[PDB]
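*Asks:* For reference, the structure I am asking about is given below.
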There are 2 protein chains.
Amino acid sequence: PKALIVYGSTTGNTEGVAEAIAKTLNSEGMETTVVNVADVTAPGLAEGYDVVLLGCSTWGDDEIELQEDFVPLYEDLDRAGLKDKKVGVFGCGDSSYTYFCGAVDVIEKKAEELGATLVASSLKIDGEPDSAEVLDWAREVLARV
Amino acid sequence: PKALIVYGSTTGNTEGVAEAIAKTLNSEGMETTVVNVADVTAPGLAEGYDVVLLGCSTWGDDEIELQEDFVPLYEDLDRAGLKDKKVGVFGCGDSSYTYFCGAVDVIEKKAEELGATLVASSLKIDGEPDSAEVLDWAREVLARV
Ligand SMILES: Cc1cc2nc3c(=O)[nH]c(=O)nc-3n(C[C@H](O)[C@H](O)[C@H](O)COP(=O)(O)O)c2cc1C
Ligand SMILES: Cc1cc2nc3c(=O)[nH]c(=O)nc-3n(C[C@H](O)[C@H](O)[C@H](O)COP(=O)(O)O)c2cc1C
């Protein structure tokens with residue numbers, strides 16, 4: 001099977017989680033392409049992948065701001081081919097702020113409204129990722145695809 | 001059975017939806033308590049209710065914000081006794097915005113992480129509330145009590 005990981009990341013945190021997910025998936029025979037969301041467009045993006053993992057950090061002062069590179073994909077996510085596609089959502093944040101990983105909830109709800117199959121409960125990284133939590137999430141995705 | 005309807009509303013729209021839902025529930029034999037979230041504190045809020053309906057509009061000048069009175073309830077929602085509780089989420093918004101009722105997305109996701117049972121898909125109200133849409137949702141809730 002093939003996986004796509006698309007991430008929005010300002011300081012590299014969510015990018016590092018994407019890369020760590022991909023290293024496991026690739027090691028377990030699921031060919032995985034990791035791309036900055038800034039470099040993709042929505043139409044047909046999920047077609048041809050058996051699973052798509054969406055990563056996005058949360059920013060904004062006293063608000064949920066999606067990491068800015070992700071917003072155009074969120075706006076047009078209805079064109080990506082997610083109906084009955086396996087999806088998982090992840091992202092970095094920090095529980096000292098108001099809406100801890102709120103972008104992850106916003107993106108996961110839209111995926112669900114668009115008919116995606118959510119492979120696992122979302123991965124919400126508080127601060128610096130722990131390799132155990134990232135690895136177990138990658139194993140859920142593998143088990144479900 | 002007893003229903004709690006807790007709402008955050010700045011211009012009265014989600015308040016008016018709360019009242020319309022309550023009319024339905026009360027006409028179908030529930031004892032409904034309606035409260036503005038500005039007047040409550042989180043600890044133990046849900047205790048003794050058969051179903052809890054959480055209503056909140058979407059604000060924020062630039063991005064997603066919960067209606068301001070709801071924010072402290074959301075932040076301390078873990079104290080509200082939602083584990084194994086039947087919950088429904090509703091809210092007003094405007095689909096001209098990027099994040100249409102994004103406060104509903106965020107509250108719904110948190111309620112499920114806290115172990116609540118969602119009794120119905122969440123109700124997202126676009127602009128002026130439609131009485132048929134509200135009534136259909138209230139009847140979905142009543143059938144799960
Ligand atoms: C001004 C500002 C606002 C933030 N707001 C949030 C927030 O609302 N929720 C959250 O969980 N984390 C919040 N964060 C934490 C960032 O998501 C966190 O630093 C994350 O590691 C960034 O990931 P990235 O490098 O992939 O962009 C905020 C950080 C800053 C500096
Ligand atoms: C400044 C401002 C920001 C808003 N932002 C959003 C938004 O991000 N998403 C949305 O769906 N609706 C948004 N709305 C629409 C309000 O949610 C809508 O007017 C609603 O009826 C208010 O309900 P309330 O009277 O219960 O507070 C915004 C409205 C205003 C005035």
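Numbering starts fresh at 1 for the residues of each chain in the structure tokens, the chains themselves are lettered A, B, ... in the order given, and ligands are numbered from 1 as they appear.
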I need the chain B residues near chain A as a short mmCIF file (atom, residue, chain, number, x, y, z; two decimals) with C-alpha atoms, in the first residue's frame; criterion: at most 6 Å, counting only C-alpha atoms.
*Replies:*
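And here is the file that came out, iface.cif:
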```cif
data_model
loop_
_atom_site.label_atom_id
_atom_site.label_comp_id
_atom_site.auth_asym_id
_atom_site.auth_seq_id
_atom_site.Cartn_x
_atom_site.Cartn_y
_atom_site.Cartn_z
CA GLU B 63 -9.84 32.87 13.07
CA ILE B 64 -11.89 30.38 15.25
CA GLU B 65 -12.90 31.53 18.71
CA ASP B 105 -16.13 21.06 15.89
CA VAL B 106 -13.89 21.84 18.78
#
```
*Asks:* Env of residue 5 in chain A: 12 Å cut, atoms = only C-alpha atoms, seq-sep filter 2 positions within chain, self excluded. Answer as number ranges by chain.
*Replies:* A: 2-3, 7-8, 14-23, 25-26, 30-37, 40, 45-46, 49-56, 87-91, 138, 141
*Asks:* Considering only C-alpha atoms, return as JSON, numbers by chain whatever protein or nucleic-acid residues lie within 10 Å of residue 95 in chain A, sequence-local ones (same chain, fewer than 6 positions apart) excluded.
*Replies:* {"A": [101, 125, 126, 127]}
*Asks:* Among range 4-145 of chain B, which ones does DSSP place in alpha helix (DSSP H), written as a ChimeraX atom specification?
*Replies:* /B:13-27,71-75,102-113,131-144
*Asks:* Tell me which of B:43, B:129, B:81, B:12 sits closest to ligand 2, counting only C-alpha atoms and all ligand atoms.
*Replies:*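 Closest to ligand 2 of all the choices is B:12.
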*Asks:* From the list B:92, B:38, B:4, B:77, which residue is nearest ligand 2 when using only C-alpha atoms and all ligand atoms?
*Replies:* B:92
*Asks:* Which value, in Å to one decimal, gives the distance between atom 21 (O, counted along the ligand's line) of ligand 1 and CA of residue 93 in chain A?
*Replies:* 4.9 Å
*Asks:* Can you pull out every residue from range 72-119 of chain B that DSSP, working from the backbone, puts in strand (DSSP E), and format the result as an MDAnalysis selection string?
*Replies:* chainID B and resid 86:93 117:118
*Asks:* Write out as a list in words which residues come within 10 Å of residue 44 in chain B when counting only C-alpha atoms, dropping same-chain ones fewer than 2 positions away.
*Replies:*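 In the requested format, the answer is residues 41, 42, 46, 47, 48, 77, 78, 79, 80, 81 and 82 of chain B.
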*Asks:* Could you write those residues out with N, CA, C and O atoms, as a short mmCIF file (atom, residue, chain, number, x, y, z; two decimals), in the first residue's frame?
*Replies:*
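This is the output file out.cif:
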```cif
data_model
loop_
_atom_site.label_atom_id
_atom_site.label_comp_id
_atom_site.auth_asym_id
_atom_site.auth_seq_id
_atom_site.Cartn_x
_atom_site.Cartn_y
_atom_site.Cartn_z
N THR B 41 -20.33 27.42 36.56
CA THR B 41 -18.96 26.94 36.57
C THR B 41 -18.92 25.44 36.22
O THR B 41 -19.92 24.76 36.35
N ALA B 42 -17.81 24.96 35.67
CA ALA B 42 -17.72 23.63 35.13
C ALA B 42 -17.98 22.47 36.11
O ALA B 42 -18.59 21.48 35.77
N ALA B 46 -22.79 18.48 34.70
CA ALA B 46 -23.67 17.51 34.05
C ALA B 46 -24.37 16.57 35.02
O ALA B 46 -25.15 15.73 34.55
N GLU B 47 -24.02 16.64 36.29
CA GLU B 47 -24.49 15.61 37.21
C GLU B 47 -25.97 15.66 37.41
O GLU B 47 -26.57 16.67 37.53
N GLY B 48 -26.57 14.45 37.28
CA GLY B 48 -28.00 14.27 37.35
C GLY B 48 -28.80 14.46 36.10
O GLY B 48 -30.05 14.31 36.10
N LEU B 77 -13.68 21.51 30.82
CA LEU B 77 -14.76 20.61 30.53
C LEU B 77 -14.52 19.25 31.17
O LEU B 77 -15.49 18.51 31.38
N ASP B 78 -13.26 18.95 31.39
CA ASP B 78 -12.92 17.70 32.10
C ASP B 78 -13.48 17.57 33.49
O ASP B 78 -13.53 16.45 34.02
N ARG B 79 -13.93 18.66 34.11
CA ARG B 79 -14.51 18.63 35.43
C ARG B 79 -16.03 18.53 35.39
O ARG B 79 -16.67 18.47 36.46
N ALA B 80 -16.66 18.58 34.22
CA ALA B 80 -18.10 18.74 34.10
C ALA B 80 -18.90 17.44 34.26
O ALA B 80 -20.13 17.50 34.36
N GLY B 81 -18.25 16.30 34.37
CA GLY B 81 -18.93 14.98 34.56
C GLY B 81 -19.48 14.41 33.26
O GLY B 81 -20.52 13.80 33.32
N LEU B 82 -18.83 14.61 32.13
CA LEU B 82 -19.32 14.10 30.87
C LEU B 82 -19.02 12.62 30.57
O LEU B 82 -19.56 12.09 29.62
#
```
